[PDB]
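Observations on the three-dimensional arrangement
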Amino acid sequence: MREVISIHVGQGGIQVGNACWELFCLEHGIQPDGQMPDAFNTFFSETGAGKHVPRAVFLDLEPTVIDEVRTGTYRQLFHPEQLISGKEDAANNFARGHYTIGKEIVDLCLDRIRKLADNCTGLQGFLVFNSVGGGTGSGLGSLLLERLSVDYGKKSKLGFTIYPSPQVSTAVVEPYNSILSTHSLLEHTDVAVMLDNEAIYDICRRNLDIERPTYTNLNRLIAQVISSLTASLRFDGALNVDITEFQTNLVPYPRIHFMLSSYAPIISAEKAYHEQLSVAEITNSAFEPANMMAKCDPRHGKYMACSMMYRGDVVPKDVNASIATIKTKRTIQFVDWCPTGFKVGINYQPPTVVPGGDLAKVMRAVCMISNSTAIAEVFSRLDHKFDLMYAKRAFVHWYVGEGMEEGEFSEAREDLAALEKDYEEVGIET
Amino acid sequence: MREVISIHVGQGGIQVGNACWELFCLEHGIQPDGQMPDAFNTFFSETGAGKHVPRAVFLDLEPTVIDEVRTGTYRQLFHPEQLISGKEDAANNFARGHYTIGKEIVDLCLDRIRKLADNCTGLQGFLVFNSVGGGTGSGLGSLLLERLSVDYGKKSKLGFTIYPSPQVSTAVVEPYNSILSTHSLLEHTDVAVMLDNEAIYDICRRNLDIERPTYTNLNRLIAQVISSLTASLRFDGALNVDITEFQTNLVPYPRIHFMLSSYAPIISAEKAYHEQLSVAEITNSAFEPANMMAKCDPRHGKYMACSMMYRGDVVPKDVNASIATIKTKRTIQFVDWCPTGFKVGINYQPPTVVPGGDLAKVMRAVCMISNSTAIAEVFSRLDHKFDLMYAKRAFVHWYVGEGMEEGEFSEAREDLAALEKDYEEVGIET
Amino acid sequence: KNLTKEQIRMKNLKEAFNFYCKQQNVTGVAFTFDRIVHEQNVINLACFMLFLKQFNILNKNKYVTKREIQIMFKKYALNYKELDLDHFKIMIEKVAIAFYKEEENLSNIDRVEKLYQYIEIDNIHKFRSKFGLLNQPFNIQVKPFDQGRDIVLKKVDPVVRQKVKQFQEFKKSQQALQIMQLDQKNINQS
Amino acid sequence: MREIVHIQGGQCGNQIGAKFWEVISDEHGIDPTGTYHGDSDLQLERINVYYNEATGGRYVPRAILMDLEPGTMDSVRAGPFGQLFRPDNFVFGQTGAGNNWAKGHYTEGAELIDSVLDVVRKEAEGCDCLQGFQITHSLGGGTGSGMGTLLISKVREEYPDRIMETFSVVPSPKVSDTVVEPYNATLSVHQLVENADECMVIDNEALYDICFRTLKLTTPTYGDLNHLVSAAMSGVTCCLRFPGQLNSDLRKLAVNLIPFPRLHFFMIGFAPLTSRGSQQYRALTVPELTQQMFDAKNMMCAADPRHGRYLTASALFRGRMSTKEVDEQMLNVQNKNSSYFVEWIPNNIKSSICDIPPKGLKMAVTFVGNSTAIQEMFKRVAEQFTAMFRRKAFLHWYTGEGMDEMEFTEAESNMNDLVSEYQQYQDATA
Amino acid sequence: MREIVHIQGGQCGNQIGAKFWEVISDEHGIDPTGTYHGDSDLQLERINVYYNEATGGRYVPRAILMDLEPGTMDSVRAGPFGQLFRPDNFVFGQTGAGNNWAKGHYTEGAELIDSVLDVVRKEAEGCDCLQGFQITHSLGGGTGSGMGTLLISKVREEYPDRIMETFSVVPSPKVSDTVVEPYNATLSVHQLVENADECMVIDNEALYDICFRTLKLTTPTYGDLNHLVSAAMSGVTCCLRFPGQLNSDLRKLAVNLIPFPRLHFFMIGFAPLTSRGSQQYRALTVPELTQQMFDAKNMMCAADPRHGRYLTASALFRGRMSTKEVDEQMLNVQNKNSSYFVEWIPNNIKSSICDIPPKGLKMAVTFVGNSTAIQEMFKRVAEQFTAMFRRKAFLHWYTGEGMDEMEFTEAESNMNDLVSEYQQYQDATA
Ligand SMILES: Nc1nc2c(ncn2[C@@H]2O[C@H](COP(=O)(O)OP(=O)(O)OP(=O)(O)O)[C@@H](O)[C@H]2O)c(=O)[nH]1
Ligand SMILES: Nc1nc2c(ncn2[C@@H]2O[C@H](COP(=O)(O)OP(=O)(O)OP(=O)(O)O)[C@@H](O)[C@H]2O)c(=O)[nH]1
Ligand SMILES: Nc1nc2c(ncn2[C@@H]2O[C@H](COP(=O)(O)OP(=O)(O)O)[C@@H](O)[C@H]2O)c(=O)[nH]1
Ligand SMILES: Nc1nc2c(ncn2[C@@H]2O[C@H](COP(=O)(O)OP(=O)(O)O)[C@@H](O)[C@H]2O)c(=O)[nH]1
Ligand SMILES: [Mg+2]
Ligand SMILES: [Mg+2]
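In the nomenclature of the PDB entry, chain D is known as Tubulin beta chain of Tetrahymena thermophila CU428. The title attached to this entry in the PDB is "Ciliary tip central pair". The record in UniProt for chain D states the following under Subcellular location: "Cytoplasm, Cytoskeleton". What UniProt states about chain D under its Sequence similarities heading is, verbatim, "Belongs to the tubulin family."

Per the PDB entry, the recorded name for chain A is Tubulin alpha chain, and the organism is Tetrahymena thermophila CU428. Chain A has a UniProt comment under Catalytic activity that states "GTP + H2O = GDP + phosphate + H(+)". According to UniProt, the comment filed for chain A under the heading Cofactor is "Mg(2+)".

Turning to the site of ligand 3, a few remarks are in order. Close to ligand 3 lie 14 residues; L239 of chain A together with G10, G144, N204 and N226 of chain D are nearest. Those chains with residues close to ligand 3 are chains A and D. In this structure, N99 of chain D approaches ligand 3 through a side-chain N or O atom, which is 3.5 Å from an oxygen atom. One of the backbone N or O atoms of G142 of chain D is found 3.5 Å from an oxygen atom in ligand 3. Relative to its unbound accessible surface of 590 Å², ligand 3 loses 91% to contact with the protein. Residue assignment for the shell around ligand 3 shows that the elements contributing at least two residues are helix 1 (10–28), helix 5 (142–158) and helix 8 (222–236) of chain D. For the shell around ligand 3, the per-class residue count stands at four nonpolar, ten polar and no charged.

Residues and elements named next belong to chain D. Assigned domains of chain D: these are domain 1 (3–256) and domain 2 (265–374). Between domain 1 and domain 2, a total of about 2900 Å² is buried, with carbon and sulfur atoms accounting for 71% of that surface. When residues of domain 1 are sorted by the area they lose upon contact with domain 2, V201, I210 and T214 head the list and together hold 15% of the total. Linking domain 1 with domain 2 are six residue pairs in polar contact, by the criterion used here.

Residues and elements named next belong to chain E. Ordered by their spatial adjacency, ten strands build an open sheet running 5-4-1-6-7-8-9-12-10-11, and the pairing between neighbours is mixed. The outermost strands of the open sheet, each flanked by one partner alone, are strand 5 (90–92) and strand 11 (349–354). Sheet twist, expressed as the average angle between the axes of neighbouring strands with direction ignored, equals 20°. Relative to strand 6 (residues 130–138), strand 1 (residues 3–9) runs parallel, the two being bridged by six bridges. Note on strand 6: the bridge partner recorded for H6 is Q134. Sheet strands touched by helix 4 (residues 101–126): strand 1, strand 4 (63–67), strand 5 and strand 6. Its angle to strand 4, the strand with the most contacts, is close to 175°.

What counts and what doesn't
- Residues numbered from 1 in each chain as written, not as in the entry; some residues may be left out.
- Chains lettered and ligands numbered in written order.
- Part of a larger assembly, values for the part shown.
- Heavy atoms only, no water.
- UniProt positions renumbered as here; feature names shortened; annotations may be inferred.
- Near = heavy atom within 4 Å.
- Polar contact = N/O pair within 3.5 Å; in protein donor to acceptor, adjacent residues only side chain to side chain.
- Areas by Shrake-Rupley, 256 points an atom, 1.4 Å probe, with all protein chains shown as cover.
- Helix = DSSP H or I, 4+ residues; strand = E, 2+ residues; numbered from the N terminus.
- Nonpolar A, V, L, I, M, F, W, Y, C, P; charged D, E, K, R; others polar.
- Domains from an automatic or database assignment.
- Buried area = accessible area lost by both parts, 1.4 Å probe.
- Pairing = 2+ DSSP bridges.
- Axes fitted to C-alpha atoms, helices over the stretch in contact; angles between N-to-C directions.
- Contact = heavy atoms within 4.5 Å.

Okay, here's the thing in structure tokens:
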């Protein structure tokens, strides 16, 4: 009687949704056709006899990815008319997907959301995935969040946004729409998790020893993180954690809800079994700055609160004996007004392996969600990139001619300045 | 509830660590996979179900040896992320491994040491192995010892250094870094044991009757000595000895802690059983100058204190009856201010044999650790070798250009002169 | 209330006596409670030497050595083993005579008065601060944050409560108003 | 006659009850199907204390299970002895509290509590002669610490003359699993002192310490902590269900252990506790029980009892033994430790004897002592609370549901006043 | 009544006790499970001397075992009769002393001794009428010779009127197993003379000599030396546990064997002792017992008793025999050896008869004589001490833990004064 609905918008969102939906189907024993040859209820729904239907909706204005989905092996799984598709792409223009073509599509998505919600009885909250540096992704994510915040109100929404890397970039105009989308979801999303690609590339290179990774390898790690986060809702555990038990433990103030994640262990089968993978060493590896899932240095800032999930055969006393060691270290310092900052969850189900993938099978794993003061650097560098081109008003004509006003750029800049001032104000000791 | 941590740095250190870790696994019945098909706790740790993890860490800047370790039969034993490896070798340059590339690696090693120490509850002390005549070995050993001496303080550290032979040498520049490393560990290590290769070559040739030995044969004898030293911590015995019970019995003064070892019997199965191997004859063989494990003549100096370990079915009265005979002999004379100089330990477990090795199975063995005044000769000859090239400042540019100051060579020379004067001052009768 | 000069002194001396009586290491098994009560009202030689040591008298000169004190104790003690309060006072006077024996010009009364000034008996706080144990824990098989935490509770003080006090009266008035409004709602819904 | 009903709330309380009822059923020989299969006549004479009678001869506990989420009760039903609980007594909501005290005490807990109060009233009005209620809940969670404490006040308002027990687990700063623990701990302690007739604090840290040091088992789990807590819980009411030399109900303990109405926070401990390998070495005698009973490490709380003085103490011996030995040992434990017992109340130890020992043991002791050393827990809880509150961290979650900072200030002031006036009697002299 | 408690410390003391308690249990017919299976009524009448009573009818020794390392007590528990010891009495540290007297008496031994003193106080306060304490420890070790002697002073300070026994093994210069033996021997003898009411020196060299010459067994082991020491220990208190013609408790021996309070260092011996092959040849008669009793080689010390004159002597005969023969033989052994008996104290031999012989023997004798020949042991100990101290060898280990050379000088001076004043009476004439 506990449910959650995941929203996938944009090319990156759909490509990570595919990645998480192989993993969930594999973890619950459901074949790609949707047929089994009481834990499924969190992500799926029973049709009365036979197949299961995911509680997910796919959105995009550009039809190529959806058409690829509707012809692959998973054509029989998803309901045919929840893969909403458009005709014309926003083409990396934020104003397009927020004012011009997204408005005519958003009504169908909201109707689908209502039709899925009326089925659930114990709706925990929503999940949303969107790559920020694109037109349709950021614009439609903003519009959907704004509609949901007023249609439903206090229901919790979680956002797994992928911000651009510090120096590596695929587009040339992504700072503009990244800043605008951050403006939009700052006052509209309860949790936002950092996911830039460069850090995960470094993780793959160093640990998985892959020298030529593709997007699928990144999306599989993200899917594993999602599964670790939501395992506690569908498996028995000695110390459970619910989604609603987050803003009471990781969010000191309503404005501050951007945090960065990490995962451990990450190791290949060729050298995994030569070492014992004790809980102490994995919880040490999870706190290593080089294993952050976002390219930010935690040594440059304080910690505010750490929520970290275990799964497997871990015993609570071993967890406490390792939290003490971390509190001992002099290179990791917490904020003054937080004496204890750890929330611990323990689950029994070990992580599942996907055949043909990178990760091996292990009995212990740890996933941490940590809120730290050091996150302000990404905001500062994105702001610096934005200012350089906004000084000469470059690329603005592509946005003014799509219905957006001239002054809309300035207030996003003011909100980022306010956020940066707030992060500095919080981190000073009393 | 008694533990010890062994540190292996450099090629020689790793190659002797492999040698000791086959022997320990064989002696405690643990298969190479780490699985058994309460004495293990000194060297190992239980993971909760199944395998055991060694309390050891392997260090090197040059990746070849570690890669060889991670692909052999022991790939499953060691924890994957305690085999710290670098990218660039120090190339026999001491200044490199102490100032340039060792500093960026030492932090990870110290983090691993902390993560291993928090698990132990009754930590007796540390063991360290390093071949002195190399860049990374000597430099990283010096840096690790210097960090540990301040991080932990009074914990005991033991160093099994391998000094170069009197005339046989593999490098051409090893006196420089040998002298510098002796400077570094003179004021930082509690015990240092002499291990030069030439003496062990002669031992193999004379007793084992091998005319073409390799490094493995030397390392097996060193491993047997280590096992004999640490047997008393993990087996029942009539007269036990702990590691902390050494500086009270073998170290008359804080500066003097270099001593040389010997082992007996050393014999092959082809002619071992033809003779009875009584305790008297083995304890006579152990004191023979030709059976010293370091190429030094004990007849050239006085003895200060002798600590010698037995294991097997030896009876204390037979030990006393043999100590009396040695006190009787006129060719072995002790220092005036030491009336009794023997510390005796007796253990019940006979030495274990490694299949395919050189040594045979015997019921009695003796290992002696003796501190003598004759050790000053190796210091004098190393000093003479150093002075010849330091007169013309040869090979100095390879060290000055790696961040080391010009005057750093002189003070090591002054400390060696001080040590040689101290050894002469102690050995004179009152 | 008040005490006499020898007694105030007597009161402070009785407090010291009762403290040192309780420090006795009693050897033996399965005592009677009568014996325990007796031993709490007498000082043994060890506790008397402990008293002299803590007050910095023991071994200060040849007349107050461990042996001299033992001889004096056996001579003046009850049953040659124990001092009651009266014999404890007599022993302190004898120790004062021995301790100042080399000062020929002092009367025995002045020697006792000089000892009472030396131990600071007239100042109860300084006198009590010199009392030291022997040993106890409360039976509990024993062995970064150890340093103590003086939780100074915030005074909900005259200035601070005032608003809070005013607030309690306001909250009572609001509850009375809510009860009256519930009663008026029950009366207006009636 | 003089029976009590069981009420539990939250996940921690439900897990405690799931073992408490198993222990009680095993003690009375009740099979998991509710059918009596005991051996002794005394096993049925006073079964009305905890069990009701239904048609068909089976027995049903008079327990009431409440939580704001259905998962924990849906899980406890599938466990052993889970079928005994009447399905009608299960009451739950569909939303949960998310470890937020305000949600579980003002908005959500207020509307639901009417249904659970209905069944509570049904259970109490019916029973022959009420003795009282016993409550198990945790102070580290939102829904538990809110709904349980509000239910305490509601029950006290309707039954002012009955007795009330609470077994409360307070969040220790060593093993912290939730970041918002200080807020709902401090808020709960404020209400708990005003209404509970007895309170017994239990700490997970002390349970781990006991399991690691006295039992010396390798891998503690929540099942062992629950078993220890269950044995301690059963030990208190043993003489109320069995004959003995000196019967002593809960009210008699209330009279003799609470000097002043606001000093009713006890810490407990159970003896004997021995390892599996040493259970044959030890001999069970009254001196052996009493020496372990007053041992500092044996207390179920991290509070150090030799850091303060006992106001009073109680012991509930089990098994057949001589009373003279018990009295003389109690006198001896009070003469040898006079420094740790307050002097203005003589003879401050209460003893009781029950002739029925636990199943499998010949002698057992339950210890309940009111000591001044408990101040340290409130001191550290208030220290963390004031460290976190001064910055108003996480305050918006609580203030968004009708609560204000004034109730935080009053709670802090009352808790500090309790801390001060509890130690006021420590320095009091006669 | 008039019972004593057993306290042992160090490895040597623990090994002595492990055989002493086996001998006592075999004498009283107590099985290793604590169940009486004896044959004679007298075996139970005075069992309260050494054994306590617990529920279930089993008996438990009132022994207290202490050491600074856990290995020896973890090993003695697995030996025969190891289950009798109460697990609560085992107290140990986690560090050890390393044969350093300062560590076992100032830094580590001071903090731990509170716990062992707690159980010592528990044992003594409870018992019916205390007779005293007996202590077994070795002067050749650090932790033993430090903690035991400090415990002697602590016990003496609390029980000044009770009697105190110490069985002390002093390090002989012939069989030396530790190089730092003179330091902690000399430091311990200083404190031992001030507090011990009786002291009995035992030497390993004399035990080996006895085993090799009188018993003529090929391979002595520590088990035989322990058995001889245990028989000698049991012989002293035999008449206190059994009826006899002239009962003589320990206090009566203290009165009759100590002329002056500082002369209480005795050397002992046990008779009869015969080889296995000659046990049929010999006939047990009082002359045969008394001729072996005064034999010089039969003494448990290497000190030669015909190098001095006896101040007094004692004999404790066992078995049923005529008193007239005993008295006439004692007179004859004193008339024929008038040169070796001091002349200013006539009739200086004490005799006692106990009607219960040892199990398996018809007659036995325990000899305790105070002789002036003991000066030679202190002479050689001080000679080695002053030979080693003049160079300040190994002094830094002791001086690094708060000790100074002044306490060494005072100890040497007091020991030399004892040596001088012990022989002062040898040359005294009437
Ligand atoms: N991690 C991850 N990021 C992706 C992936 N695909 C695209 N991105 C990121 O998405 C950003 C651009 O947005 P896209 O998702 O590609 O395109 P869009 O969101 O659909 O917006 P449009 O361009 O209007 O179609 C790029 O900067 C990429 O970094 C992916 O498969 N994995
Ligand atoms: N006994 C013994 N000595 C060795 C062994 N291998 C190398 N050595 C000695 O080590 C000295 C040089 O140091 P190495 O250990 O070989 O190299 P390193 O310590 O890693 O220093 P780098 O040259 O910078 O890599 C030589 O002079 C050898 O005598 C070995 O397997 N056994
Ligand atoms: N003894 C015991 N304690 C538990 C168990 N499960 C959780 N806890 C403790 O309960 C605390 C969390 O309480 P929580 O589950 O949030 O209570 P809730 O909010 O009422 O559901 C943690 O700090 C744990 O230490 C259990 O099975 N046994
Ligand atoms: N009789 C006897 N003597 C022993 C035994 N074990 C050790 N010793 C003696 O004890 C001495 C060493 O004492 P040690 O073990 O260091 O005492 P510790 O420091 O208190 O542990 C040696 O000289 C031995 O002669 C034993 O089993 N029996
Ligand atoms: Mg696209
Ligand atoms: Mg190399």
